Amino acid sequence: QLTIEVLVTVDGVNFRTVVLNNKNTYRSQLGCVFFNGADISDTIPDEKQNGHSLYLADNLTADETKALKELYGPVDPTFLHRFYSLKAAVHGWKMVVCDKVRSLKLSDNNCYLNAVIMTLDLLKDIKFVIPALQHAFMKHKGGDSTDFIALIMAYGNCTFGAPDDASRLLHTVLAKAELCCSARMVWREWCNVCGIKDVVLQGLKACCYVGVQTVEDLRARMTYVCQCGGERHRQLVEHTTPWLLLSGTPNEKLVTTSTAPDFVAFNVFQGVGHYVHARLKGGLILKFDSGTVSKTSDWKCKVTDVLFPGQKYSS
């Protein structure tokens, strides 16, 4: 006969009242529920819990299912449980600020998240297509990174304490992003006999390339056999972007400030699962090894992602 009124949400915006008894578990009476970070599905409602807001993760109403699809986009059924679990596990992590630069301190093999996050921090005019990603992005810019860390890990299928691939995660996250201004990428494919074909990429698709790590290797002419029997070529003919991200496999490269490289920053893989985020500032390389800075003018390192400023190119 004793009951408690609880408020149920999936978004912290819309709430439904559920009347619960104190003779059965939360899982039996309602479903998977989180309260102030912890999963209380296997607990029996306590009189003190009346009026509290609970986060449900399964057995959602039609209205809850729609709100979820609009907030997170299409997600698998375990998404909410993984996101709320991640959010709780990641709470103790520390974002430190070294000379106004936010870096994720080392804990539970999170070093790849440092390279990912610090790289996203340099990407000008990027909005997130998924509202929940945009809210956590904005909270991260304000000084509270928990939501963003957990959502990236949730969308990337990253396990707490497990090492991962920075490039994998960066591109996965960036597939859910949009560009505020406009960008173009024109790849011309041709045979002097068969004809010319132009392929046009717009938005942030024009700002990311995987398989090349220099603007020279990007702009280089590619040649292979044509159907006619002659030569077929592929070459980048137009490129207009607010920034440029080029990614590749760990590749030894002597990085020096003496030649003033056109790139702004780069990530490095060291080997297991170790990542370092480097930036070019004041004629130096600032190496951010998970909330630990080190400055050098020259570095021979296994380069992965390389960030360049805006492109204004015509072949």
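For every residue, the number given is its place in the sequence shown, counted from 1.
Quiz prompt | Size class of the missing deposited segment between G51 and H52 | solution = Gap between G51 and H52: none, chain continuous.
Quiz item: 272 to 280 versus 55 to 63: which one carries the higher mean Cα B factor per the record?
Solution: So the stretch with the higher mean C-alpha B-factor is 272 to 280.
Exercise. Would you determine, from the values in the PDB entry, which of 178 to 186 and 140 to 148 has the greater average C-alpha temperature factor?
Key: Here the higher of the two C-alpha B-factor means belongs to 178 to 186.
Quiz item: Of the choices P131, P77, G195, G156, which one's C-alpha carries the largest B-factor in the record?
Solution: Highest CA B-factor of the listed options: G195.
Quiz item: Which third of the chain does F35 land in by C-alpha B-factor: lowest, middle or highest?
Solution: For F35, whose C-alpha B-factor we compare with every modelled residue in the chain, the answer is the highest third.
Practice problem: Could you look up the Cα B-factor of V303 in the entry and say which third of the chain it sits in: lowest, middle or highest? | Solution: As the PDB entry reports it, the C-alpha B-factor of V303 lands in the middle third of its chain.
Exercise. Among all modelled residues of this chain, ranked by Cα B factor, put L246 in the bottom, middle or top third, i.e. lowest, middle or highest.
Key: It belongs to the lowest third of the chain when residues are ordered by C-alpha B-factor.
Self-check item: Ranked against its chain, the third holding the CA B-factor of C208
Solution: It falls in the middle third of the chain.
Quiz item: When the modelled residues of the chain are sorted by Cα temperature factor, does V90 land in the lowest, middle or highest third?
Solution: According to the entry, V90 has a C-alpha B-factor in the chain's middle third.
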